[PDB]
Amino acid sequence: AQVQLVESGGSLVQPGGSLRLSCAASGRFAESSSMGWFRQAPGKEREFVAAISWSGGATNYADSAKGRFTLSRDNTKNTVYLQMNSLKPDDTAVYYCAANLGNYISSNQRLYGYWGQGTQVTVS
């Protein structure tokens, strides 16, 4: 386990509300971890939301997240923060963070070798 990921912030929120998720990376390679957020709704495919590079310096957003989600990184704590605004019921899902040691920040799930356990967001 050279990277361990712990997501937090899952909660119930009302339509139009906002939530801030976090994922803390720990382990020897946490400082080189590029982190990506994926969401899986019950009985559906995991889909890309947003990813940010290990340096905190490059960000990439799914179209659904542009203009309303913000992804940032605190390099002191190898922690990433996903600010989700303007949430709708269809945003209900388990949100997983995943990391890789190759500066990859796009949607191909197979390029992420380390996965958290997920955190449940419910909009209603």
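All residue numbers are counted from 1 along the displayed sequence.
Between the stretches 34 to 42 and 48 to 56, it is 34 to 42 that shows the larger average CA temperature factor.
In this structure the maximum Cα B-factor among 13, 21, 101, 111 is found at 13. Annotation for residue 80: CA B-factor lies in the lowest third of the chain's modelled residues. When the modelled residues of the chain are ordered by their C-alpha B factor, residue 62 lands in the highest third. Among all modelled residues in this chain, the alpha-carbon of residue 6 has a temperature factor (C-alpha) in the middle third.
Remark: residue 93 belongs to the middle third of its chain, ranked by C-alpha B-factor as recorded.
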